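Architecture and fold: a report
As a plain string of letters, each chain reads:
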Amino acid sequence: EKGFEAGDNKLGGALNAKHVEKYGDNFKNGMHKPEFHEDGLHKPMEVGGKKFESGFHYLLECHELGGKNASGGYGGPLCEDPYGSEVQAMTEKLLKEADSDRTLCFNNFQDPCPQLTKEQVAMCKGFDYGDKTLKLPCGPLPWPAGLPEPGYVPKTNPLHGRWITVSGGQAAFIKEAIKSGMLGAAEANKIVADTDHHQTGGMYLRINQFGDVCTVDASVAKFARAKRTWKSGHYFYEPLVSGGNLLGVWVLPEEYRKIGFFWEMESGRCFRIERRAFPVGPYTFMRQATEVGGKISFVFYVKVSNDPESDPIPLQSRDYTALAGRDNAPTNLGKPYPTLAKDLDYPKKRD
């Protein structure tokens with residue numbers, strides 16, 4: 001109910017209405033829309049009776065929503081102890097190996113990255129991102145040079161399952177900020193912006209994958225929408241709990257790696273990103289690497305189950321809005337990217 005996953009398990013499982021009944025009206029129609037003190041997350045707030053020392057404290061509690069197995073734990077049949085010392089050591093080694101890895105997407109992010117102008121960002125301020133019938137005010141978003149074209153269809157659905165974050169989780173960064181006692185507005189604002197969206201991870205991911213189409217359950221502590229479905233090469237909209245708005249795309253050009261990008265509309269920045277799955281010892285890990293302005297942020301997850309224990313939702317896209325109705329819009333080097341500016345779920349009107 002409430003647009004969330006069907007189920008009443010109070011101990012765990014995919015996010016459902018019973019899990020968030022306690023947060024007054026913050027959760028509705030599958031969306032998480034909380035109200036943080038006008039000033040910033042450093043200032044306190046109150047949700048359905050419970051007062052929170054700060055907005056960060058609310059986010060910390062929201063991080064615990066939706067990623068647990070049926071009995072309230074985080075482990076699964078493929079890895080019963082994701083937070084154990086064994087997994088930690090493998091993760092530390094992968095982290096160190098990540099700095100020397102020269103196989104990253106976009107030619108290790110050296111490909112020329114597009115950026116929206118000051119005017120373009122200004123035009124979009126206040127735009128109704130939920131209206132599928134509107135063209136983005138700044139015209140077609142630039143596709144990032146070096147993005148592979150779509151067409152490949154994964155054969156083994158390797159992303160399908162439940163993944164638990166073992167490095168780069170946002171809660172760890174929030175706990176650091178909280179320990180910093182007295183935070184100022186500027187300070188809180190920077191923490192939110194620096195760890196926003198894919199710069200850090202939620203505590204889990206549940207993925208339903210069928211070839212080049214996936215449904216992904218992500219942390220509502222970070223993303224306003226609990227569940228999203230997208231298709232390789234097609235746009236989708238990510239409203240953020242921070243108030244930010246992203247229009248991005250995932251391409252699945254290979255069997256074990258996704259390559260994509262997300263336009264953060266309020267800053268005009270194009271974050272480029274990849275997710276790859278690979279084995280280490282008896283486990284399967286996923287490394288997420290997000291880059292902007294020369295800075296690469298890594299998130300690591302360990303696969304705890306082949307079952308996401310969450311259902312897919314209908315397919316959609318936001319190619320019309322994002323490309324402002326322009327078929328085969330270009331990359332920033334003037335090369336046409338083969339995606340038509342029509343939403344896969346047309347004529348649905350709202351997103």
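Residues numbered from 1 in each chain as written, not as in the entry; some residues may be left out. Heavy atoms only, no water. Residues with missing side-chain atoms left out of burial classes, pairs and counts.

Looking at the entry header, you'll see X-ray crystallography listed as the method and 1.8 Å as the resolution.

**Examining the overall build of the protein**
Along its length, the protein carries seven helices and 14 strands. Here the protein has a C-alpha radius of gyration of 19 Å; the compact-globule value for 351 residues is 20 Å, and the two agree. If one aligns the C-alpha atoms of the protein with their principal axes, the spans along those axes are about 50 × 50 × 40 Å. Pairs at least 24 residues apart make up 63% of the contacts formed inside the protein by residues separated by at least 6 positions. (Helix = DSSP H or I, 4+ residues; strand = E, 2+ residues; numbered from the N terminus. Rg over C-alpha atoms; globule rule 2.2 N^0.38 Å. Contact = heavy atoms within 4.5 Å.)

**Digging into the layout of surface pockets**
Empty space among the atoms becomes apparent when a probe as large as a water molecule is rolled across them. Quantified by volume, the largest pocket comes out at close to 380 Å³. Along the walls of the largest pocket sit 20 residues, with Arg225, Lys227, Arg228, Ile313 and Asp351 positioned nearest its centre. At the level of secondary structure, the elements contributing two or more residues to the lining of the largest pocket comprise strand 8 (227-231) and strand 9 (235-239). When residues of the lining of the largest pocket are assigned to their parent elements, the largest contribution, three residues, is made by strand 8. Each residue belonging to the lining of the largest pocket can be placed in one class, and the counts come to eight nonpolar, five polar and seven charged. (1 Å grid on protein atoms, 1.4 Å probe; cavity = no way out; pocket = protein on both sides within 12 Å on 5 of 7 lines; lining within 4 Å. Points joined across faces, edges and corners; volume = space filled by probe spheres on them. Nonpolar A, V, L, I, M, F, W, Y, C, P; charged D, E, K, R; others polar.)

**Overview of empty space enclosed by the protein**
In this structure, the largest cavity spans a volume of roughly 130 Å³. Contributing to the lining of the largest cavity are 21 residues, with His198, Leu205, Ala218, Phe223 and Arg275 lying nearest its centre. Among the secondary structure elements, those contributing two or more residues to the lining of the largest cavity are strand 6 (204-210), strand 8, strand 9 and strand 11 (257-264). Of the residues contributing to the lining of the largest cavity, the split by class is ten nonpolar, six polar and five charged. Its volume calculated, the second largest cavity comes out at about 80 Å³. Lining the second largest cavity are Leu41, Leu59, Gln170, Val192, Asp196, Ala221, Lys222, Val241 and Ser242. Looking at the lining of the second largest cavity residue by residue, the classes come out as five nonpolar, two polar and two charged.

**Brief notes about the sheet that holds strand 10 (residues 245-251)**
Read from one edge to the other, the open sheet built from ten strands follows the order 8-7-6-5-14-13-12-11-10-9, with strand pairing classed as antiparallel. The sheet terminates laterally at strand 8 and strand 9, the two strands that pair on one side only. Between one strand axis and the next, the sheet turns through 25° on average, direction left out of account. For strand 12 (residues 269-280) and strand 13 (residues 283-292), the ladder comprises nine bridges, and the chain directions are antiparallel. (Pairing = 2+ DSSP bridges. Axes fitted to C-alpha atoms, helices over the stretch in contact; angles between N-to-C directions.)

**Observations regarding helix 1 (residues 55-63)**
Within the sequence span of helix 1, burial applies to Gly55, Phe56, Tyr58, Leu59, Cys62 and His63. Projection of helix 1 onto a plane perpendicular to its axis shows the buried side chains occupying an angular sector of 155°, all on one side. Where helix 1 is buried, its residues touch strand 1 (27-28), strand 2 (31-32), strand 3 (45-47), strand 4 (50-52), helix 5 (170-179) and helix 6 (185-195). The N-cap residue of helix 1 is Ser54: its side-chain oxygen and the backbone nitrogen of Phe56 are 3.2 Å apart. (Buried < 20%, exposed > 50% of the residue type's maximum accessible area, 1.4 Å probe, protein only. Arc of directions from axis to C-beta. Polar contact = N/O pair within 3.5 Å; in protein donor to acceptor, adjacent residues only side chain to side chain.)

**Quick word on the pairing of strand 9**
When you tally the buried positions in strand 9, you get five out of five residues, the bulk of the element. One ladder, built from five bridges, connects strand 9 with strand 10; its direction is antiparallel. Across the sheet, residue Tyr237 finds its bridge partner in strand 10, namely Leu247. In this antiparallel pair of consecutive strands, strand 9 and strand 10, the connection spans five residues, and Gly243 shows a positive phi of 100°.

**What about the environment of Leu59?**
Tracing the chain through its elements places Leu59 in helix 1. On a C-alpha basis, the gap between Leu59 and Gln170 in space is 9.5 Å, while along the polypeptide they are 111 residues apart. Leaving out residues up to four positions away in the same chain, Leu59 has contacts with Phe36, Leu41, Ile174, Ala221 and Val241.

**Re the domain arrangement of the protein**
Assigned domains of the protein: these are domain 1 (1-110), domain 2 (111-153 + 311-351) and domain 3 (154-310). One C-alpha centre belongs to domain 1, the other to domain 2, and the line joining them spans 28 Å. Contact with domain 1, which involves five residues of that partner, is made by seven residues of domain 2. Summing both partners gives a buried area of about 480 Å² for domain 1 against domain 2, and 41% of it is carried by carbon and sulfur. Among the residues domain 1 hides against domain 2, the three largest losses belong to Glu5, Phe106 and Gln110. Together they make up 81% of the total. For the pair domain 1 and domain 2, the interface holds zero salt bridges. The interface formed by domain 1 and domain 2 holds three residue pairs in polar contact in total. Per-class residue counts for the side of domain 1 that touches domain 2 are two nonpolar, two polar and one charged. (Domains from an automatic or database assignment. Buried area = accessible area lost by both parts, 1.4 Å probe. Salt bridge = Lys/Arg side-chain N within 4 Å of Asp/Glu carboxyl O.)

**A closer look at unusual backbone geometry**
Of the consecutive residues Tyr346 and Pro347, the connecting peptide bond is found in the cis state with omega at 0°. Assignment of secondary structure puts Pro347 in the segment after helix 7 (319-322). One non-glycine residue, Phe109, lies in positive phi territory at about 60°. Relative to the helices and strands, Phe109 is located in helix 3 (residues 105-109).

**Observations regarding the state of the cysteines**
Within this structure, the stated rule accounts for zero disulfides. The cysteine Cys270 is free of any disulfide, with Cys113 supplying the nearest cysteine sulfur at 4.6 Å. (Disulfide = S-S within 2.5 Å.)

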